[PDB]
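Novice: Dropping a structure here in structure tokens format, bear with me for questions.
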Amino acid sequence: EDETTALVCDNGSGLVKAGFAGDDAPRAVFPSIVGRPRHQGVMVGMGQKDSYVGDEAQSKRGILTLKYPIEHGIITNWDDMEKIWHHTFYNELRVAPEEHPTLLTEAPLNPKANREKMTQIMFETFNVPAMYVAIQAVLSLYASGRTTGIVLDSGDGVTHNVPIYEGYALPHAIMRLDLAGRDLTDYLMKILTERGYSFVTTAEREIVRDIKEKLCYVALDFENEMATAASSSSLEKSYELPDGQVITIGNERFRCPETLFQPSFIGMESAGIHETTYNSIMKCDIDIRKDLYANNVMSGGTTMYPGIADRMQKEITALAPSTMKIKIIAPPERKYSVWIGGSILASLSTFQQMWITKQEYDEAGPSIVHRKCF
Amino acid sequence: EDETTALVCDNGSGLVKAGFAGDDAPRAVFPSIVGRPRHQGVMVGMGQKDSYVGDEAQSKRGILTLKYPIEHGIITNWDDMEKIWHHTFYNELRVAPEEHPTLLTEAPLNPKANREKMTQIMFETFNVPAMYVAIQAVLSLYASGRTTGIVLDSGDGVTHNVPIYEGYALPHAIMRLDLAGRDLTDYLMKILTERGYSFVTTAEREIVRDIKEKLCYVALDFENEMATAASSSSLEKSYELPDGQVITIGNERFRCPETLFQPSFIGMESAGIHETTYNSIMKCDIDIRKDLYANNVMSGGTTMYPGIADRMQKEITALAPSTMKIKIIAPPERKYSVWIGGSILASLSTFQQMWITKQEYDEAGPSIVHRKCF
Amino acid sequence: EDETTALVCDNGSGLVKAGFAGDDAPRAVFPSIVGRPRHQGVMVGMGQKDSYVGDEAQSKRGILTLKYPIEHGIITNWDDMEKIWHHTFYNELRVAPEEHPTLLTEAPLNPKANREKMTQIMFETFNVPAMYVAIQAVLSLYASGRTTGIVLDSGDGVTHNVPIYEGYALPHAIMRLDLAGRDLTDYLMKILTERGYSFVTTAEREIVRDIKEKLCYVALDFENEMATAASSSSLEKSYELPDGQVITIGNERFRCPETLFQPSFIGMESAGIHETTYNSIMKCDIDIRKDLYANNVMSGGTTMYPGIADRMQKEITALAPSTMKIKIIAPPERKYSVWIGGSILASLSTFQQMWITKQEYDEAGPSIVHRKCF
Amino acid sequence: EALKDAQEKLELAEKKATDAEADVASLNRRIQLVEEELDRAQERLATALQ
Amino acid sequence: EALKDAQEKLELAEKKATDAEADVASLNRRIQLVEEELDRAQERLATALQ
């Protein structure tokens, strides 16, 4: 065949998004979890199966202890990551990696060891002709079809912010903020406890993740919505657990995403996500700032909450000069924007010479990641 | 075609003014800047473009470091000048220089190497039938339509002064004074710092150049205007930066052009521009001085400030014998006076035999500039 | 008692150095931090205290959020600064400002409001008979006992360069370079994340300052030292956190001070400390360059790293004419030279007629600072 | 939610209209004051020139 | 309905603000031009007086 296709995988924490390069959507999207039978089984003709990977672990949740292998964009456990990639290629996509070049995404300001060990596994585990590791935020920018913007990337791993102008990139102005979907989940199960609902274990920690994926929203003013929580009507929502227990969540619902704009609630000094965007834009040159204000791109899974775009717009407009208009461009489909940006990149004809070849790795070693790529 | 037209270029520092000879205005006027991508770009399908030339560099300012290739009428960097002329001919005028004789302007008391290397490039870079290098001040005098005057030429390059009488010219009485638009810009960004506005880089150095091109004016008495700066009302002006930041400049505004009349502010002993005009007129013969006092011509870009003509008139009248009347003739359009003087010269029928031919250069070498022309 | 004595206070960003005049060493040295308690405390009998100042903030660091009030030589908040001066006078020194003339140090190319508000706080908050504000670099020259030299002065504030010749000063050849030791602290925490060491709050930001002031050094040639960092040995050093976490840092350690000589690393076009020193010397008159090259003086807090003098000598010798011998005098004790320069200056009886008196302030108001001093 | 936001955006757009119109009126007063002061500056100029 | 009405009132109030903004912007251009001619007439007057 011509061009050989190519393969693209996004592994921020929480979800593997994977598929062929040259398509508009990934074939396989599943949770990045390795769930181990904690309870010793007593039957004959079970499994045994040392561990379960992917949405198999979601189905068989109650037995398992679940371990996310990626925390804060950092792989904690390498064998668990290899198992997840083994699951992507053989269980879903049914590809031999020898037949495809593979793009990986990776997060900004990330330890060198993750990029270098990630390449070491791609060459010396799944034999592969070529690969690339690319920055998450630039891929979302490509997916949005814009040449310029400040990309606010927040996954389940960590939050990142990369300003770009006309292509280029500003290394000093790149900001990484330790907040995530996962930290909002840990805050959320903590704020459910005051209501009497106690979720203590990894299995129902993913149940509050599912709650937060739909019930939670961001206030267009926090204090105003917290004041109208005195007359509870629309702010309460009934939620059904898989147990058949019913949960009723009021003001507790919208103050969980409020943590992004008030990290004093989590107990971290690190500024809210709108001030981090100001911190990135202020580090940029005076000239370009006009379009960075007007071309803010949201990406990732934890920018999905209803009303985030409006809240960021009101806060950035309030802080900034009202001399210029602050447009925020946050697409629906923004969850998959990194993977789509990886699809478009590996489909680019020129990019087919910028691959890290297997040959170039075999001569010059794993350290060449940083030398060739950003 | 008859007469072949001719081409005219003024390159004092700061601006290329270029067009056809035989027209009242130049087609192309743009900043003489070579701006290089200082920041390494990270995208695919950019440029690359090693450098940007002309008002392209003004548009894409923030990325670039900008280098003026001409300082003090001296070309610092020759490849950068060749690139600027390559841009004039191919990007704007769309001419083959083989089809046109080319006039260049050049400044008085200027190193021989600039004239000789300038001719060497015109013959052995852009193949051309003929050329001429001419003095800036005489061209402005032609443009003003007068046979006699003392031409005060001040560009962004250097300040020059050439007395002329009935044509002729006085070599001993020619004065060159190291002050310019550019030195006023360096003074200006230094005098903004006491107000808290700090412009540290080449990109916003051209922003204070733009400020000074409109906000700045010359006091009809410096001390009187500095005294009325105690009651700030009309002397302050709000200025908008491209950032959206607002700048408010009071007495600081008019004391920037005051440097021309007080070079003790810049720290140079070299006399103010009115005493330099006296120094030129005093070196002239007694008989002609009467009309040189009454026929002072201002030319160049840094004689554009409002109230310069009135200040020069009051100071020269104060120093000189009040026995004779000191008329200063400073036209609006005085910025382009050198180019218009070059247009009229190459349109002159007799001048069409005084060209340096390509043939005469090929036989007698680059040194013949000084031998044939002034 | 005769003279009464006087008080001298140095308050560049990062460190207060303060004490009596004519004492050769100071009487208080402590960090210029105001530390407010971010976390609400739940006990009875605590404090409470709005804020902790100086080393009480260093000691109780993890509860707090720490604010420097002085950023880039500019006072960003004035209650925080007033508290620092209140703390020096009443806790360590134990004096009444009513007894003592007070000398304050101040930075080259600083907004007028810093002098004008600083004199107001000294006259109207802490009642004082007389005071003075003095330029930092001239004081460090006084400490090393010299009449002539070029002073490179750099704190955790900003980097300033002042050439001086047989006393005097050249205002047009004074250079300010907005690179501080503090920007090196932010660069150091940014580089540490490559090795996986994520530090994010102000408390451990001062742990990287503590790493910076005794593990870091300047490479005697950068590429040579970075090449031998392939074979890690003496280039790696263990470090102990007050946590008990061990931190091992390598090439990272010397490429942090390299940012002073390569500002491309922090993303700024602004030339290096060797180049800015050359820029000052080129602005100076032709004769005095001979002695300025051979009388380079280093002062301040971020000129303390090993190899700075040695490197500045290689780079200035390489750029300058080698017809004269470049000599740098970078004494030990150079962190305190600005204070020592003030303690000698306030001990000069002729300078006791050069004070700004309380009566002159009461008669003629805050603007008189720039009418009597620099 | 679209209503609380559309209604609050209405109260703010009405407030922005109130402020923009307050600015129209406050500016119309200032424009007229600079026009009247300009007429006076021109009359004083015609007087100063005479 | 309360939403479409809040949105129509919002688009209308946004237009009250946009028209009031167009009017204030027209007036801001008039203040800048007329006050610039106030200052120029005042400067021409200062020049005529000097």
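Quick note on naming: the chains in the structure tokens go A, B, ... in the order shown, residues restart at 1 in each chain, and ligands are numbered from 1 in order of appearance.
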When you look at residue 44 in chain E with a cut-off of 7 Å (counting only C-alpha atoms), what residues show up, excluding the ones that are within fewer than 4 positions of it in the same chain? I need them as number ranges by chain.
Specialist: D: 45; E: 40, 48
Novice: Near residue 294 in chain C, counting only C-alpha atoms, which residues have an atom at most 12 Å away, once you skip same-chain residues fewer than 5 positions from it, shown as a compact mmCIF listing (two decimals) with N, CA and C atoms, in the first residue's frame?
Specialist:
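Output below, filename part-v7.txt:
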# COMPACT_ATOMS: atom_id res chain seq x y z
N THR C 148 37.65 55.00 39.87
CA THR C 148 37.43 54.74 38.45
C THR C 148 37.14 53.28 38.29
N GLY C 149 36.20 52.93 37.39
CA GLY C 149 35.85 51.55 37.13
C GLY C 149 34.51 51.43 36.50
N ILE C 150 34.20 50.23 35.99
CA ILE C 150 32.88 49.93 35.48
C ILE C 150 32.28 48.91 36.40
N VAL C 151 31.11 49.22 36.96
CA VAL C 151 30.52 48.41 38.00
C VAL C 151 29.41 47.58 37.40
N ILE C 281 30.72 50.39 27.68
CA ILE C 281 32.06 50.85 27.34
C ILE C 281 32.12 51.51 25.97
N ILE C 288 38.72 56.81 28.10
CA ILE C 288 38.49 56.21 29.41
C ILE C 288 38.21 54.72 29.34
N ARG C 289 38.02 54.17 28.13
CA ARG C 289 37.86 52.75 27.92
C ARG C 289 39.04 51.92 28.42
N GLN C 313 36.20 37.54 32.17
CA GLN C 313 37.51 37.81 31.64
C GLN C 313 37.78 37.13 30.30
N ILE C 316 35.03 39.09 27.69
CA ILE C 316 35.47 40.46 27.41
C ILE C 316 36.82 40.50 26.69
N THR C 317 37.81 39.65 27.05
CA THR C 317 39.09 39.57 26.33
C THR C 317 38.94 39.14 24.89
N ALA C 320 36.95 42.34 23.14
CA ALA C 320 37.67 43.60 23.17
C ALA C 320 39.00 43.56 22.41
N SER C 322 42.81 43.20 22.18
CA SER C 322 43.76 42.50 23.03
C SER C 322 45.10 43.23 23.10
N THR C 323 45.09 44.51 22.68
CA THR C 323 46.19 45.46 22.79
C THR C 323 46.31 46.01 24.20
N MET C 324 45.28 45.80 25.03
CA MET C 324 45.23 46.20 26.41
C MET C 324 44.76 45.01 27.22
N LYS C 325 45.10 44.98 28.52
CA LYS C 325 44.88 43.80 29.33
C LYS C 325 43.65 43.95 30.19
N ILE C 326 42.60 43.18 29.86
CA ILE C 326 41.35 43.13 30.60
C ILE C 326 41.56 42.57 32.00
N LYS C 327 41.17 43.32 33.03
CA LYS C 327 41.33 42.92 34.41
C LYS C 327 40.03 43.17 35.12
N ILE C 328 39.52 42.13 35.80
CA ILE C 328 38.29 42.19 36.55
C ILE C 328 38.66 42.05 38.00
N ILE C 329 38.13 42.95 38.85
CA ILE C 329 38.30 42.90 40.28
C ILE C 329 36.94 42.54 40.87
N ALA C 330 36.80 41.26 41.23
CA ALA C 330 35.58 40.71 41.78
C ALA C 330 35.87 40.21 43.19
Novice: Write out the coordinates of chain D as a PDB file with N, CA and C atoms, in the first residue's frame after a least-squares overlay onto chain E built on all ordered Cα pairs.
Specialist:
ATOM      1  N   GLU D   1     -41.318  31.670  26.984  1.00  0.00           N
ATOM      2  CA  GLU D   1     -41.707  33.061  27.000  1.00  0.00           C
ATOM      3  C   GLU D   1     -40.686  33.937  27.694  1.00  0.00           C
ATOM      4  N   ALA D   2     -40.193  33.526  28.887  1.00  0.00           N
ATOM      5  CA  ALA D   2     -39.105  34.200  29.571  1.00  0.00           C
ATOM      6  C   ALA D   2     -37.831  34.215  28.745  1.00  0.00           C
ATOM      7  N   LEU D   3     -37.552  33.120  28.007  1.00  0.00           N
ATOM      8  CA  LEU D   3     -36.510  32.993  27.010  1.00  0.00           C
ATOM      9  C   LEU D   3     -36.723  33.832  25.776  1.00  0.00           C
ATOM     10  N   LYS D   4     -37.894  33.860  25.098  1.00  0.00           N
ATOM     11  CA  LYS D   4     -38.098  34.690  23.914  1.00  0.00           C
ATOM     12  C   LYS D   4     -37.922  36.155  24.271  1.00  0.00           C
ATOM     13  N   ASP D   5     -38.407  36.538  25.474  1.00  0.00           N
ATOM     14  CA  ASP D   5     -38.245  37.847  26.037  1.00  0.00           C
ATOM     15  C   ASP D   5     -36.804  38.080  26.486  1.00  0.00           C
ATOM     16  N   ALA D   6     -36.123  37.165  27.215  1.00  0.00           N
ATOM     17  CA  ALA D   6     -34.719  37.269  27.603  1.00  0.00           C
ATOM     18  C   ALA D   6     -33.772  37.293  26.419  1.00  0.00           C
ATOM     19  N   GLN D   7     -34.029  36.459  25.393  1.00  0.00           N
ATOM     20  CA  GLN D   7     -33.356  36.424  24.115  1.00  0.00           C
ATOM     21  C   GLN D   7     -33.605  37.669  23.293  1.00  0.00           C
ATOM     22  N   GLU D   8     -34.860  38.152  23.159  1.00  0.00           N
ATOM     23  CA  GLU D   8     -35.137  39.408  22.475  1.00  0.00           C
ATOM     24  C   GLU D   8     -34.549  40.598  23.213  1.00  0.00           C
ATOM     25  N   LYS D   9     -34.672  40.632  24.553  1.00  0.00           N
ATOM     26  CA  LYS D   9     -33.982  41.583  25.404  1.00  0.00           C
ATOM     27  C   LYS D   9     -32.481  41.479  25.309  1.00  0.00           C
ATOM     28  N   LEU D  10     -31.911  40.268  25.120  1.00  0.00           N
ATOM     29  CA  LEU D  10     -30.527  40.077  24.735  1.00  0.00           C
ATOM     30  C   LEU D  10     -30.229  40.669  23.374  1.00  0.00           C
ATOM     31  N   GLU D  11     -31.004  40.402  22.299  1.00  0.00           N
ATOM     32  CA  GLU D  11     -30.786  40.983  20.979  1.00  0.00           C
ATOM     33  C   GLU D  11     -30.852  42.506  21.006  1.00  0.00           C
ATOM     34  N   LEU D  12     -31.785  43.065  21.797  1.00  0.00           N
ATOM     35  CA  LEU D  12     -31.895  44.476  22.106  1.00  0.00           C
ATOM     36  C   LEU D  12     -30.856  45.047  23.061  1.00  0.00           C
ATOM     37  N   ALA D  13     -30.333  44.271  24.027  1.00  0.00           N
ATOM     38  CA  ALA D  13     -29.275  44.653  24.941  1.00  0.00           C
ATOM     39  C   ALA D  13     -27.921  44.566  24.284  1.00  0.00           C
ATOM     40  N   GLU D  14     -27.717  43.561  23.408  1.00  0.00           N
ATOM     41  CA  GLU D  14     -26.636  43.431  22.462  1.00  0.00           C
ATOM     42  C   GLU D  14     -26.725  44.527  21.429  1.00  0.00           C
ATOM     43  N   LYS D  15     -27.919  44.825  20.867  1.00  0.00           N
ATOM     44  CA  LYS D  15     -28.110  45.997  20.026  1.00  0.00           C
ATOM     45  C   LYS D  15     -27.852  47.305  20.742  1.00  0.00           C
ATOM     46  N   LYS D  16     -28.325  47.462  21.990  1.00  0.00           N
ATOM     47  CA  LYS D  16     -27.988  48.585  22.832  1.00  0.00           C
ATOM     48  C   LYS D  16     -26.515  48.648  23.166  1.00  0.00           C
ATOM     49  N   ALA D  17     -25.835  47.513  23.424  1.00  0.00           N
ATOM     50  CA  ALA D  17     -24.396  47.429  23.542  1.00  0.00           C
ATOM     51  C   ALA D  17     -23.706  47.793  22.239  1.00  0.00           C
ATOM     52  N   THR D  18     -24.180  47.307  21.073  1.00  0.00           N
ATOM     53  CA  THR D  18     -23.704  47.650  19.732  1.00  0.00           C
ATOM     54  C   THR D  18     -23.848  49.118  19.436  1.00  0.00           C
ATOM     55  N   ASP D  19     -25.022  49.720  19.729  1.00  0.00           N
ATOM     56  CA  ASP D  19     -25.299  51.136  19.601  1.00  0.00           C
ATOM     57  C   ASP D  19     -24.541  51.946  20.632  1.00  0.00           C
ATOM     58  N   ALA D  20     -24.501  51.528  21.915  1.00  0.00           N
ATOM     59  CA  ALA D  20     -23.743  52.170  22.972  1.00  0.00           C
ATOM     60  C   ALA D  20     -22.256  52.166  22.680  1.00  0.00           C
ATOM     61  N   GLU D  21     -21.689  51.032  22.209  1.00  0.00           N
ATOM     62  CA  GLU D  21     -20.331  50.884  21.714  1.00  0.00           C
ATOM     63  C   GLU D  21     -20.071  51.620  20.409  1.00  0.00           C
ATOM     64  N   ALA D  22     -21.040  51.638  19.468  1.00  0.00           N
ATOM     65  CA  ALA D  22     -21.009  52.464  18.276  1.00  0.00           C
ATOM     66  C   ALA D  22     -20.956  53.934  18.651  1.00  0.00           C
ATOM     67  N   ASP D  23     -21.764  54.359  19.645  1.00  0.00           N
ATOM     68  CA  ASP D  23     -21.686  55.640  20.306  1.00  0.00           C
ATOM     69  C   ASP D  23     -20.385  55.815  21.058  1.00  0.00           C
ATOM     70  N   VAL D  24     -19.813  54.827  21.785  1.00  0.00           N
ATOM     71  CA  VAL D  24     -18.479  54.902  22.400  1.00  0.00           C
ATOM     72  C   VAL D  24     -17.456  55.207  21.343  1.00  0.00           C
ATOM     73  N   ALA D  25     -17.421  54.456  20.231  1.00  0.00           N
ATOM     74  CA  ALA D  25     -16.519  54.661  19.123  1.00  0.00           C
ATOM     75  C   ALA D  25     -16.756  55.971  18.358  1.00  0.00           C
ATOM     76  N   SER D  26     -18.026  56.297  18.024  1.00  0.00           N
ATOM     77  CA  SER D  26     -18.450  57.520  17.336  1.00  0.00           C
ATOM     78  C   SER D  26     -18.222  58.755  18.173  1.00  0.00           C
ATOM     79  N   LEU D  27     -18.485  58.673  19.497  1.00  0.00           N
ATOM     80  CA  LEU D  27     -18.114  59.655  20.495  1.00  0.00           C
ATOM     81  C   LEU D  27     -16.638  59.693  20.698  1.00  0.00           C
ATOM     82  N   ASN D  28     -15.906  58.569  20.842  1.00  0.00           N
ATOM     83  CA  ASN D  28     -14.462  58.567  21.011  1.00  0.00           C
ATOM     84  C   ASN D  28     -13.779  59.273  19.850  1.00  0.00           C
ATOM     85  N   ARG D  29     -14.228  58.997  18.607  1.00  0.00           N
ATOM     86  CA  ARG D  29     -13.902  59.808  17.453  1.00  0.00           C
ATOM     87  C   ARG D  29     -14.285  61.292  17.610  1.00  0.00           C
ATOM     88  N   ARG D  30     -15.528  61.646  18.016  1.00  0.00           N
ATOM     89  CA  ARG D  30     -15.915  63.036  18.289  1.00  0.00           C
ATOM     90  C   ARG D  30     -15.180  63.733  19.425  1.00  0.00           C
ATOM     91  N   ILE D  31     -14.894  63.063  20.566  1.00  0.00           N
ATOM     92  CA  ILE D  31     -14.114  63.520  21.716  1.00  0.00           C
ATOM     93  C   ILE D  31     -12.730  63.816  21.230  1.00  0.00           C
ATOM     94  N   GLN D  32     -12.105  62.871  20.501  1.00  0.00           N
ATOM     95  CA  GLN D  32     -10.797  63.085  19.926  1.00  0.00           C
ATOM     96  C   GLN D  32     -10.805  64.221  18.927  1.00  0.00           C
ATOM     97  N   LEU D  33     -11.828  64.323  18.059  1.00  0.00           N
ATOM     98  CA  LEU D  33     -11.990  65.466  17.172  1.00  0.00           C
ATOM     99  C   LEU D  33     -12.142  66.804  17.886  1.00  0.00           C
ATOM    100  N   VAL D  34     -12.930  66.886  18.986  1.00  0.00           N
ATOM    101  CA  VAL D  34     -12.988  68.074  19.831  1.00  0.00           C
ATOM    102  C   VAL D  34     -11.734  68.294  20.648  1.00  0.00           C
ATOM    103  N   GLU D  35     -10.996  67.265  21.118  1.00  0.00           N
ATOM    104  CA  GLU D  35      -9.675  67.377  21.720  1.00  0.00           C
ATOM    105  C   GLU D  35      -8.645  67.890  20.733  1.00  0.00           C
ATOM    106  N   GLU D  36      -8.574  67.322  19.516  1.00  0.00           N
ATOM    107  CA  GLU D  36      -7.708  67.792  18.458  1.00  0.00           C
ATOM    108  C   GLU D  36      -8.054  69.193  17.991  1.00  0.00           C
ATOM    109  N   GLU D  37      -9.359  69.495  17.814  1.00  0.00           N
ATOM    110  CA  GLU D  37      -9.812  70.840  17.522  1.00  0.00           C
ATOM    111  C   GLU D  37      -9.614  71.806  18.677  1.00  0.00           C
ATOM    112  N   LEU D  38      -9.733  71.339  19.934  1.00  0.00           N
ATOM    113  CA  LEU D  38      -9.348  72.076  21.119  1.00  0.00           C
ATOM    114  C   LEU D  38      -7.861  72.366  21.163  1.00  0.00           C
ATOM    115  N   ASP D  39      -6.961  71.383  20.910  1.00  0.00           N
ATOM    116  CA  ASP D  39      -5.525  71.585  20.800  1.00  0.00           C
ATOM    117  C   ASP D  39      -5.256  72.619  19.723  1.00  0.00           C
ATOM    118  N   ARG D  40      -5.895  72.477  18.542  1.00  0.00           N
ATOM    119  CA  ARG D  40      -5.832  73.480  17.496  1.00  0.00           C
ATOM    120  C   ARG D  40      -6.362  74.848  17.895  1.00  0.00           C
ATOM    121  N   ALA D  41      -7.504  74.950  18.600  1.00  0.00           N
ATOM    122  CA  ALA D  41      -8.017  76.187  19.150  1.00  0.00           C
ATOM    123  C   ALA D  41      -7.078  76.810  20.170  1.00  0.00           C
ATOM    124  N   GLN D  42      -6.455  76.011  21.059  1.00  0.00           N
ATOM    125  CA  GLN D  42      -5.402  76.398  21.983  1.00  0.00           C
ATOM    126  C   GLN D  42      -4.106  76.816  21.310  1.00  0.00           C
ATOM    127  N   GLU D  43      -3.640  76.102  20.271  1.00  0.00           N
ATOM    128  CA  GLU D  43      -2.506  76.476  19.449  1.00  0.00           C
ATOM    129  C   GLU D  43      -2.768  77.753  18.673  1.00  0.00           C
ATOM    130  N   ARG D  44      -3.954  77.870  18.031  1.00  0.00           N
ATOM    131  CA  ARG D  44      -4.417  79.093  17.399  1.00  0.00           C
ATOM    132  C   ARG D  44      -4.574  80.227  18.381  1.00  0.00           C
ATOM    133  N   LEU D  45      -5.047  79.948  19.606  1.00  0.00           N
ATOM    134  CA  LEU D  45      -5.098  80.874  20.714  1.00  0.00           C
ATOM    135  C   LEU D  45      -3.722  81.308  21.178  1.00  0.00           C
ATOM    136  N   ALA D  46      -2.749  80.394  21.387  1.00  0.00           N
ATOM    137  CA  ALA D  46      -1.364  80.712  21.696  1.00  0.00           C
ATOM    138  C   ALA D  46      -0.722  81.548  20.595  1.00  0.00           C
ATOM    139  N   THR D  47      -0.986  81.196  19.319  1.00  0.00           N
ATOM    140  CA  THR D  47      -0.620  81.998  18.149  1.00  0.00           C
ATOM    141  C   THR D  47      -1.292  83.358  18.116  1.00  0.00           C
ATOM    142  N   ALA D  48      -2.618  83.453  18.348  1.00  0.00           N
ATOM    143  CA  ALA D  48      -3.374  84.688  18.406  1.00  0.00           C
ATOM    144  C   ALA D  48      -2.938  85.574  19.549  1.00  0.00           C
ATOM    145  N   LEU D  49      -2.662  85.004  20.739  1.00  0.00           N
ATOM    146  CA  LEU D  49      -2.076  85.667  21.888  1.00  0.00           C
ATOM    147  C   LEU D  49      -0.653  86.125  21.669  1.00  0.00           C
ATOM    148  N   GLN D  50       0.207  85.317  21.013  1.00  0.00           N
ATOM    149  CA  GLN D  50       1.533  85.754  20.616  1.00  0.00           C
ATOM    150  C   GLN D  50       1.488  86.884  19.598  1.00  0.00           C
TER     151      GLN D  50
END
Novice: Tell me the residues of chain B close to chain C, meaning within 12 Å using only C-alpha atoms, as a VMD selection string.
Specialist: chain B and resid 36 to 40 62 to 66 183 186 to 203 264 to 269
Novice: Would you mind reading off the distance between CA of residue 134 in chain C and CA of residue 227 in chain B, one decimal, in Å?
Specialist: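 Taking CA of residue 134 in chain C as the start and CA of residue 227 in chain B as the end point, the length is 27.5 Å.
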Novice: Residues at most 7 Å from residue 273 in chain B, counting only C-alpha atoms, excluding those fewer than 2 positions away in the same chain, as an NGL selection string?
Specialist: :B and (260-261 or 271 or 275-277)
Novice: Go ahead and compute the interatomic distance for CA of residue 80 in chain A and CA of residue 301 in chain A, in Å to one decimal.
Specialist: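 Distance between the two atoms: 21.9 Å.
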Novice: Using 12 Å as the limit and counting only C-alpha atoms, can you tabulate each residue of chain A that touches chain D, with its shortest atom-to-atom distance in Å and the two atoms involved, as a Markdown table?
Specialist:
| residue | atom | partner | partner_atom | distance |
| --- | --- | --- | --- | --- |
| A:217 | CA | D:1 | CA | 10.4 |
| A:218 | CA | D:1 | CA | 11.0 |
| A:219 | CA | D:5 | CA | 9.7 |
| A:220 | CA | D:5 | CA | 7.3 |
| A:221 | CA | D:5 | CA | 9.6 |
| A:224 | CA | D:8 | CA | 10.7 |
| A:225 | CA | D:4 | CA | 10.0 |
| A:228 | CA | D:4 | CA | 11.2 |
| A:234 | CA | D:1 | CA | 9.0 |
| A:235 | CA | D:1 | CA | 9.9 |
| A:306 | CA | D:1 | CA | 10.1 |
| A:307 | CA | D:1 | CA | 9.6 |
| A:310 | CA | D:5 | CA | 9.6 |
| A:311 | CA | D:5 | CA | 11.0 |
| A:314 | CA | D:9 | CA | 10.9 |
Novice: List the spatial neighbours of residue 47 in chain B as a ChimeraX atom specification - criterion: any atom at most 12 Å away, only C-alpha atoms, same-chain residues fewer than 3 positions off excluded.
Specialist: /A:166-168 /B:37,41-44,50-52
Novice: Just the number, please: distance in Å from CA of residue 136 in chain A to CA of residue 206 in chain A, one decimal.
Specialist: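 Interatomic distance, CA of residue 136 in chain A to CA of residue 206 in chain A: 24.3 Å.
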Novice: May I have the residues within 8 Å of residue 20 in chain A as a PyMOL selection string, using only C-alpha atoms and disregarding those fewer than 6 positions away in the same chain?
Specialist: chain A and resi 5-8+26-27+343
Novice: Excluding range 71-73 of chain A and its own-chain neighbours fewer than 5 positions away, which residues fall within 6 Å of it when counting only C-alpha atoms? Please give them as a compact mmCIF listing (two decimals) with N, CA, C and O atoms, in the first residue's frame.
Specialist:
# COMPACT_ATOMS: atom_id res chain seq x y z
N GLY A 12 -2.35 11.17 27.44
CA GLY A 12 -2.54 11.73 28.79
C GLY A 12 -3.10 10.70 29.77
O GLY A 12 -3.60 9.66 29.36
N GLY A 157 -4.58 13.99 33.40
CA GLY A 157 -3.20 13.96 33.86
C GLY A 157 -2.80 15.24 34.54
O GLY A 157 -2.77 15.28 35.75
N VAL A 158 -2.48 16.30 33.79
CA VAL A 158 -2.16 17.59 34.38
C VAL A 158 -2.71 18.60 33.38
O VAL A 158 -3.10 18.20 32.28
